[PDB]
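S.K.: The structure that follows is given in the form of structure tokens.
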Number of protein chains: 4
Amino acid sequence: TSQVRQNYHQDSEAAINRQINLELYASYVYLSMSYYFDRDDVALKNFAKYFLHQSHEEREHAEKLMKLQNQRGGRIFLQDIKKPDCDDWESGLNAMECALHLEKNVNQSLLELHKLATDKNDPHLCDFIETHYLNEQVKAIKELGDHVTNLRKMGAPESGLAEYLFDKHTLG
Amino acid sequence: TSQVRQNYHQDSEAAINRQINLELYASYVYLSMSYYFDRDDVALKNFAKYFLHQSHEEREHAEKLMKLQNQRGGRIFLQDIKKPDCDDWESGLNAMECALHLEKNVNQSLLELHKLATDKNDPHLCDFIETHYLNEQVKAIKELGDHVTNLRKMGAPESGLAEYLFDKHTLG
Amino acid sequence: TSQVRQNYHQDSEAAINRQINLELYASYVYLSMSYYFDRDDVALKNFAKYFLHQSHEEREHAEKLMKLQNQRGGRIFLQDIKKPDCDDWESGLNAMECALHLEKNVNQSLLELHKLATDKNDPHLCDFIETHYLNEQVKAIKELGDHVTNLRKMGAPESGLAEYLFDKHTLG
Amino acid sequence: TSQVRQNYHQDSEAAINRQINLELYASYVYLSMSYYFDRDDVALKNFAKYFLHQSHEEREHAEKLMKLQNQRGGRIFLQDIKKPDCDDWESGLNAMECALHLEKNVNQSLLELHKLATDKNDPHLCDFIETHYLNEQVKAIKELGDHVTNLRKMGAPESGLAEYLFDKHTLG
Ligand SMILES: [Mg+2]
Ligand SMILES: [Mg+2]
Ligand SMILES: [Mg+2]
Ligand SMILES: [Mg+2]
Ligand SMILES: [Mg+2]
Ligand SMILES: [Mg+2]
Ligand SMILES: [Mg+2]
Ligand SMILES: [Mg+2]
Ligand SMILES: [Mg+2]
Ligand SMILES: [Mg+2]
Ligand SMILES: [Mg+2]
Ligand SMILES: [Mg+2]
Ligand SMILES: [Mg+2]
Ligand SMILES: [Mg+2]
Ligand SMILES: [Mg+2]
Ligand SMILES: [Mg+2]
Ligand SMILES: [Mg+2]
Ligand SMILES: [Mg+2]
Ligand SMILES: [Mg+2]
Ligand SMILES: [Mg+2]
Ligand SMILES: [Mg+2]
Ligand SMILES: [Mg+2]
Ligand SMILES: [Mg+2]
Ligand SMILES: [Mg+2]
Ligand SMILES: [Mg+2]
Ligand SMILES: [Mg+2]
Ligand SMILES: [Mg+2]
Ligand SMILES: [Mg+2]
Ligand SMILES: [Mg+2]
Ligand SMILES: [Mg+2]
Ligand SMILES: [Mg+2]
Ligand SMILES: [Mg+2]
Ligand SMILES: [Mg+2]
Ligand SMILES: [Mg+2]
Ligand SMILES: [Mg+2]
């Protein structure tokens with residue numbers, strides 16, 4: 001057993017490994033979305049920039065969980081990073097909707113993780129999740145909701161003008 | 001009687017207390033409007049910022065009247081601040097129209113106050129109202145009129161694109 | 001249902017609306033206290049400044065809860081802001097004692113809110129309350145306790161000299 | 001008749017001359033009060049400084065009225081400046097009370113002047129009085145009221161310690 005390990009349940013260790021994979025998966029989804037908007041037949045550069053930034057943030061989320069695993073004396077176990085569900089994201093609106101769904105899925109996973117940490121009476125892990133993840137998810141979900149709303153109200157996805165102007169004014 | 005009181009009619013004192021309540025009410029209306037635009041299903045951040053600023057200005061208006069009451073040796077009497085008439089403000093245009101109506105109501109109250117001050121030959125109070133309130137109301141009403149006009153001309157409330165672009169160009 | 005809503009119980013939503021009202025009420029109590037000390041027959045300018053600052057802090061507390069409501073996909077429901085229990089706060093000491101009682105009442109409401117959030121397994125809401133409210137209340141209550149103690153030891157409320165000197169040395 | 005004179009009643013001209021004398025009288029009262037506190041057997045240097053400043057402000061008030069008289073084409077007529085009612089002002093509290101009475105008398109004179117200007121339909125003169133005099137009087141009266149209140153509450157005039165500490169904390 002690790003010389004540093006204390007009050008860290010094997011179930012929590014495993015759940016942290018699963019969360020690491022999910023964060024890496026989210027990074028990959030956003031990477032794919034970003035370059036879709038870089039296609040010459042899509043060509044929305046600020047959508048591309050926005051999603052690339054989101055991708056990099058998810059890699060940071062994964063790295064912090066890997067750090068946590070080692071801090072607590074658990075052992076990192078990695079698995080394949082699955083390719084994103086879609087190759088062609090259809091429109092700015094559809095990509096935003098997919099991102100919203102993704103962030104809500106990630107949030108649900110984090111809430112399940114917190115429930116486990118609570119069940120195993122691991123207040124350090126609870127605080128870690130609350131501090132570094134839970135409000136970040138709430139903010140991300142709210143932002144994506146706001147974006148989806150604006151795109152719908154502007155007339156997306158049918159209006160190419162709507163996505164163009166949103167790209168300039170909201171994401172620019 | 002207050003050692004400072006001079007040429008300050010009891011009716012004027014009471015009218016100032018009523019005006020304090022009205023200013024606080026206006027602050028509350030604008031606070032409510034602001035957060036309506038912060039809803040994920042409305043999501044117009046500059047409408048939200050604009051109305052929050054207006055809310056804070058109304059609190060300043062109330063505070064200055066409370067200061068005046070004490071300056072003249074009257075006694076502040078507070079009453080409940082009524083909740084705003086609406087919970088859901090419907091659209092950017094409708095909120096602007098409500099604000100216009102509010103500011104015109106507040107102006108009418110101030111004009112009645114000035115008429116009272118004039119009837120009681122209180123030139124200090126007349127000057128106070130003129131200096132700090134009457135032109136501020138005229139400017140506010142004109143600005144809201146301008147805003148309503150632009151939103152109508154742009155195609156609001158039906159055009160979600162109109163409110164979106166107004167949010168960026170006029171309120172941004 | 002709001003597109004952003006996740007793990008947010010209707011009871012929590014309602015409790016947040018009640019807390020918004022309480023924060024606004026506290027803002028109003030402190031506003032009233034502030035201007036009492038601005039009366040020509042009370043004339044303690046640093047008591048007035050101290051309570052006005054406290055009033056503005058409570059408005060910020062209310063605004064943050066309104067932001068939270070929208071972040072989580074709840075809907076803000078406002079109610080009348082009740083006037084403060086008192087018109088004449090009697091003395092610096094009595095005002096401090098009323099503020100202490102107010103902050104303890106607000107704290108109790110926040111603890112009930114946290115208990116609800118805990119019962120509904122809402123760790124995001126728990127963390128929000130802990131981070132932004134619970135220690136602020138503990139600090140406020142401690143400060144007001146300290147103030148009450150000093151005023152009593154100095155000879156307030158009978159000693160007008162005590163309140164005068166406290167105004168200069170502690171609140172100045 | 002003066003080439004500049006327009007809408008300026010002879011009664012208003014005379015009333016302005018009377019007001020000039022009153023302002024000069026107030027300057028003299030405050031000068032006397034100031035040096036009372038400079039006596040070796042009184043020795044409150046900040047009371048002395050406060051009243052000397054007030055004296056200089058009254059001279060400025062007189063000068064502005066002399067300027068106004070010429071601006072409107074009236075002719076300045078000066079009269080003796082009467083010595084102050086008292087030689088020995090007794091205490092800091094008593095001097096403050098005398099100043100309060102003085103400023104209220106000056107205010108009454110200004111209100112009578114404004115009533116005359118109103119009766120003669122002289123809006124320029126009304127605005128002059130409102131702008132430069134009426135709120136200055138309200139502020140002065142409020143400040144002196146505040147000072148009297150604090151001195152009374154602290155235990156003046158019996159408490160030499162009260163006047164000493166007020167001299168340091170409020171006037172210092
Ligand atoms: Mg262990
Ligand atoms: Mg896995
Ligand atoms: Mg992100
Ligand atoms: Mg993440
Ligand atoms: Mg596969
Ligand atoms: Mg997908
Ligand atoms: Mg946090
Ligand atoms: Mg947010
Ligand atoms: Mg444009
Ligand atoms: Mg009166
Ligand atoms: Mg009322
Ligand atoms: Mg305004
Ligand atoms: Mg107002
Ligand atoms: Mg009602
Ligand atoms: Mg309305
Ligand atoms: Mg006038
Ligand atoms: Mg004027
Ligand atoms: Mg003006
Ligand atoms: Mg204008
Ligand atoms: Mg829910
Ligand atoms: Mg309520
Ligand atoms: Mg506070
Ligand atoms: Mg609070
Ligand atoms: Mg009631
Ligand atoms: Mg109370
Ligand atoms: Mg903390
Ligand atoms: Mg503390
Ligand atoms: Mg003439
Ligand atoms: Mg004369
Ligand atoms: Mg002066
Ligand atoms: Mg003068
Ligand atoms: Mg004589
Ligand atoms: Mg005298
Ligand atoms: Mg003025
Ligand atoms: Mg004042």
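Labeling convention for the structure tokens: chains A, B, ... as they appear, residues from 1 per chain, ligands from 1 in order of appearance.
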Go ahead and align chain C to chain D (same sequence, so just pair every C-alpha in order, least squares) and export the moved chain as a JSON list (two decimals) with C-alpha atoms, in the first residue's frame.
M.R.:
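Writing the result to superposed-v1.json gives the following:
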[["chain", "number", "residue", "atom", "x", "y", "z"],
["C", 1, "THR", "CA", -30.58, 104.20, -15.22],
["C", 2, "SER", "CA", -27.81, 101.62, -15.65],
["C", 3, "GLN", "CA", -27.34, 100.43, -19.25],
["C", 4, "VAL", "CA", -27.34, 96.82, -18.03],
["C", 5, "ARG", "CA", -30.40, 96.92, -15.80],
["C", 6, "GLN", "CA", -33.27, 94.68, -16.84],
["C", 7, "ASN", "CA", -36.12, 93.15, -14.81],
["C", 8, "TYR", "CA", -34.44, 94.21, -11.55],
["C", 9, "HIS", "CA", -36.83, 95.83, -9.12],
["C", 10, "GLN", "CA", -35.71, 98.65, -6.82],
["C", 11, "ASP", "CA", -37.02, 96.60, -3.88],
["C", 12, "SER", "CA", -34.80, 93.69, -4.88],
["C", 13, "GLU", "CA", -31.82, 96.04, -5.17],
["C", 14, "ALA", "CA", -32.45, 97.30, -1.63],
["C", 15, "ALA", "CA", -32.95, 93.78, -0.26],
["C", 16, "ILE", "CA", -29.62, 92.73, -1.79],
["C", 17, "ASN", "CA", -27.90, 95.63, -0.01],
["C", 18, "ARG", "CA", -29.48, 94.50, 3.28],
["C", 19, "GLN", "CA", -28.28, 90.96, 2.64],
["C", 20, "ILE", "CA", -24.73, 92.19, 1.98],
["C", 21, "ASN", "CA", -24.73, 93.79, 5.42],
["C", 22, "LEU", "CA", -26.05, 90.62, 7.04],
["C", 23, "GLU", "CA", -23.33, 88.48, 5.42],
["C", 24, "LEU", "CA", -20.67, 90.91, 6.65],
["C", 25, "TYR", "CA", -22.23, 90.82, 10.11],
["C", 26, "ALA", "CA", -22.08, 87.01, 10.08],
["C", 27, "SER", "CA", -18.42, 87.21, 9.09],
["C", 28, "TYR", "CA", -17.80, 89.44, 12.11],
["C", 29, "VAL", "CA", -19.67, 87.15, 14.54],
["C", 30, "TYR", "CA", -17.57, 84.21, 13.44],
["C", 31, "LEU", "CA", -14.36, 86.27, 13.67],
["C", 32, "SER", "CA", -15.21, 87.14, 17.28],
["C", 33, "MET", "CA", -16.08, 83.53, 18.12],
["C", 34, "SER", "CA", -12.83, 82.32, 16.59],
["C", 35, "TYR", "CA", -10.59, 84.47, 18.76],
["C", 36, "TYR", "CA", -12.55, 83.64, 21.90],
["C", 37, "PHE", "CA", -11.26, 80.08, 21.50],
["C", 38, "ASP", "CA", -7.74, 81.45, 21.05],
["C", 39, "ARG", "CA", -7.81, 82.95, 24.57],
["C", 40, "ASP", "CA", -5.29, 81.38, 26.94],
["C", 41, "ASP", "CA", -8.17, 80.59, 29.34],
["C", 42, "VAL", "CA", -10.24, 78.82, 26.68],
["C", 43, "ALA", "CA", -7.55, 77.35, 24.43],
["C", 44, "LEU", "CA", -9.47, 75.22, 21.95],
["C", 45, "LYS", "CA", -7.46, 75.69, 18.75],
["C", 46, "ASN", "CA", -9.71, 73.71, 16.43],
["C", 47, "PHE", "CA", -12.82, 75.60, 17.52],
["C", 48, "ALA", "CA", -10.80, 78.72, 16.72],
["C", 49, "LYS", "CA", -9.79, 77.37, 13.30],
["C", 50, "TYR", "CA", -13.35, 76.21, 12.50],
["C", 51, "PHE", "CA", -14.91, 79.57, 13.25],
["C", 52, "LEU", "CA", -12.18, 81.52, 11.45],
["C", 53, "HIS", "CA", -12.90, 79.47, 8.33],
["C", 54, "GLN", "CA", -16.62, 80.17, 8.70],
["C", 55, "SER", "CA", -15.80, 83.87, 9.01],
["C", 56, "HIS", "CA", -13.88, 83.84, 5.74],
["C", 57, "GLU", "CA", -16.71, 81.97, 4.00],
["C", 58, "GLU", "CA", -19.16, 84.72, 5.04],
["C", 59, "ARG", "CA", -16.89, 87.39, 3.53],
["C", 60, "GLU", "CA", -17.01, 85.40, 0.28],
["C", 61, "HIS", "CA", -20.81, 85.31, 0.53],
["C", 62, "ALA", "CA", -20.86, 89.11, 0.90],
["C", 63, "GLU", "CA", -18.50, 89.63, -2.03],
["C", 64, "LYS", "CA", -20.63, 87.46, -4.32],
["C", 65, "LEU", "CA", -23.69, 89.56, -3.46],
["C", 66, "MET", "CA", -21.76, 92.74, -4.21],
["C", 67, "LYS", "CA", -20.80, 91.21, -7.56],
["C", 68, "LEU", "CA", -24.47, 90.33, -8.18],
["C", 69, "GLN", "CA", -25.60, 93.89, -7.40],
["C", 70, "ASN", "CA", -23.23, 95.23, -10.06],
["C", 71, "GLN", "CA", -24.07, 92.45, -12.53],
["C", 72, "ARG", "CA", -27.73, 93.45, -12.43],
["C", 73, "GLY", "CA", -27.05, 97.20, -12.58],
["C", 74, "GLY", "CA", -28.00, 97.97, -9.00],
["C", 75, "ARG", "CA", -25.86, 100.17, -6.79],
["C", 76, "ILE", "CA", -24.15, 98.95, -3.66],
["C", 77, "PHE", "CA", -25.06, 100.85, -0.49],
["C", 78, "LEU", "CA", -23.09, 99.86, 2.59],
["C", 79, "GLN", "CA", -23.96, 100.35, 6.24],
["C", 80, "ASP", "CA", -22.08, 99.91, 9.52],
["C", 81, "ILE", "CA", -21.24, 96.32, 10.41],
["C", 82, "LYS", "CA", -22.67, 95.87, 13.90],
["C", 83, "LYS", "CA", -20.48, 94.23, 16.53],
["C", 84, "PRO", "CA", -21.55, 90.73, 17.56],
["C", 85, "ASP", "CA", -24.16, 90.34, 20.33],
["C", 86, "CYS", "CA", -21.61, 88.79, 22.72],
["C", 87, "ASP", "CA", -18.00, 89.38, 23.78],
["C", 88, "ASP", "CA", -17.61, 86.20, 25.86],
["C", 89, "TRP", "CA", -19.12, 83.14, 24.19],
["C", 90, "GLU", "CA", -18.99, 81.07, 27.40],
["C", 91, "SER", "CA", -18.19, 77.60, 26.00],
["C", 92, "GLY", "CA", -17.77, 75.60, 22.81],
["C", 93, "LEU", "CA", -21.40, 74.48, 23.06],
["C", 94, "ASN", "CA", -22.73, 77.98, 23.56],
["C", 95, "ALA", "CA", -20.74, 79.27, 20.58],
["C", 96, "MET", "CA", -22.12, 76.47, 18.40],
["C", 97, "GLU", "CA", -25.64, 77.31, 19.57],
["C", 98, "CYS", "CA", -25.10, 80.96, 18.70],
["C", 99, "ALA", "CA", -23.78, 80.00, 15.27],
["C", 100, "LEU", "CA", -26.83, 77.80, 14.70],
["C", 101, "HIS", "CA", -29.12, 80.69, 15.62],
["C", 102, "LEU", "CA", -27.14, 83.02, 13.33],
["C", 103, "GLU", "CA", -27.31, 80.70, 10.34],
["C", 104, "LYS", "CA", -31.05, 80.20, 10.82],
["C", 105, "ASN", "CA", -31.51, 83.98, 10.94],
["C", 106, "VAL", "CA", -29.47, 84.37, 7.76],
["C", 107, "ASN", "CA", -31.52, 81.62, 6.12],
["C", 108, "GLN", "CA", -34.76, 83.39, 7.04],
["C", 109, "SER", "CA", -33.43, 86.58, 5.44],
["C", 110, "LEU", "CA", -32.53, 84.65, 2.28],
["C", 111, "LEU", "CA", -35.99, 83.07, 2.15],
["C", 112, "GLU", "CA", -37.58, 86.52, 2.48],
["C", 113, "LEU", "CA", -35.28, 87.70, -0.33],
["C", 114, "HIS", "CA", -36.38, 84.77, -2.49],
["C", 115, "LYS", "CA", -40.03, 85.53, -1.75],
["C", 116, "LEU", "CA", -39.46, 89.11, -2.91],
["C", 117, "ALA", "CA", -37.67, 87.95, -6.04],
["C", 118, "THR", "CA", -40.56, 85.59, -6.75],
["C", 119, "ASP", "CA", -43.13, 88.35, -6.18],
["C", 120, "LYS", "CA", -41.24, 90.59, -8.65],
["C", 121, "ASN", "CA", -40.93, 87.74, -11.18],
["C", 122, "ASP", "CA", -37.12, 87.83, -11.19],
["C", 123, "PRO", "CA", -36.11, 84.28, -12.09],
["C", 124, "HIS", "CA", -32.45, 85.18, -12.48],
["C", 125, "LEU", "CA", -32.35, 86.39, -8.88],
["C", 126, "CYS", "CA", -34.32, 83.37, -7.67],
["C", 127, "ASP", "CA", -31.82, 81.04, -9.35],
["C", 128, "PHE", "CA", -28.90, 83.04, -7.92],
["C", 129, "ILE", "CA", -30.23, 82.65, -4.37],
["C", 130, "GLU", "CA", -31.05, 78.97, -4.83],
["C", 131, "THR", "CA", -27.72, 78.12, -6.45],
["C", 132, "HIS", "CA", -25.31, 79.99, -4.23],
["C", 133, "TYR", "CA", -27.09, 80.41, -0.89],
["C", 134, "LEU", "CA", -30.05, 78.21, -0.03],
["C", 135, "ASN", "CA", -28.38, 74.80, 0.03],
["C", 136, "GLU", "CA", -25.26, 76.26, 1.62],
["C", 137, "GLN", "CA", -27.50, 77.44, 4.47],
["C", 138, "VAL", "CA", -29.22, 74.07, 4.79],
["C", 139, "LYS", "CA", -25.84, 72.33, 4.94],
["C", 140, "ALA", "CA", -24.47, 74.83, 7.48],
["C", 141, "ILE", "CA", -27.51, 74.56, 9.73],
["C", 142, "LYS", "CA", -27.40, 70.76, 9.60],
["C", 143, "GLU", "CA", -23.68, 70.71, 10.45],
["C", 144, "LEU", "CA", -24.13, 73.07, 13.40],
["C", 145, "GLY", "CA", -27.08, 71.00, 14.60],
["C", 146, "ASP", "CA", -24.92, 67.89, 14.44],
["C", 147, "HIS", "CA", -22.18, 69.68, 16.39],
["C", 148, "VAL", "CA", -24.56, 70.92, 19.09],
["C", 149, "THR", "CA", -26.00, 67.42, 19.46],
["C", 150, "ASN", "CA", -22.60, 65.81, 19.88],
["C", 151, "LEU", "CA", -21.44, 68.39, 22.41],
["C", 152, "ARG", "CA", -24.63, 67.92, 24.47],
["C", 153, "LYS", "CA", -24.40, 64.14, 24.35],
["C", 154, "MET", "CA", -20.74, 64.25, 25.37],
["C", 155, "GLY", "CA", -21.60, 66.29, 28.48],
["C", 156, "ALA", "CA", -20.82, 69.88, 27.47],
["C", 157, "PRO", "CA", -20.58, 72.59, 28.64],
["C", 158, "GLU", "CA", -19.90, 71.25, 32.14],
["C", 159, "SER", "CA", -17.43, 68.66, 30.87],
["C", 160, "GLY", "CA", -14.25, 70.44, 29.84],
["C", 161, "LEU", "CA", -13.11, 66.99, 28.69],
["C", 162, "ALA", "CA", -16.06, 66.81, 26.24],
["C", 163, "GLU", "CA", -15.19, 70.09, 24.53],
["C", 164, "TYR", "CA", -11.51, 69.11, 24.49],
["C", 165, "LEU", "CA", -12.19, 65.79, 22.80],
["C", 166, "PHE", "CA", -14.72, 67.27, 20.36],
["C", 167, "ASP", "CA", -12.10, 69.85, 19.41],
["C", 168, "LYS", "CA", -9.70, 67.00, 18.52],
["C", 169, "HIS", "CA", -12.02, 64.46, 16.90],
["C", 170, "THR", "CA", -14.70, 66.47, 15.10],
["C", 171, "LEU", "CA", -12.94, 69.77, 14.40],
["C", 172, "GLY", "CA", -9.38, 68.48, 14.14]]
S.K.: Based on the backbone DSSP call, show me all residues of chain C assigned helix (DSSP H, G or I), as an MDAnalysis selection string.
M.R.: chainID C and resid 10:36 45:72 92:119 123:154 160:169
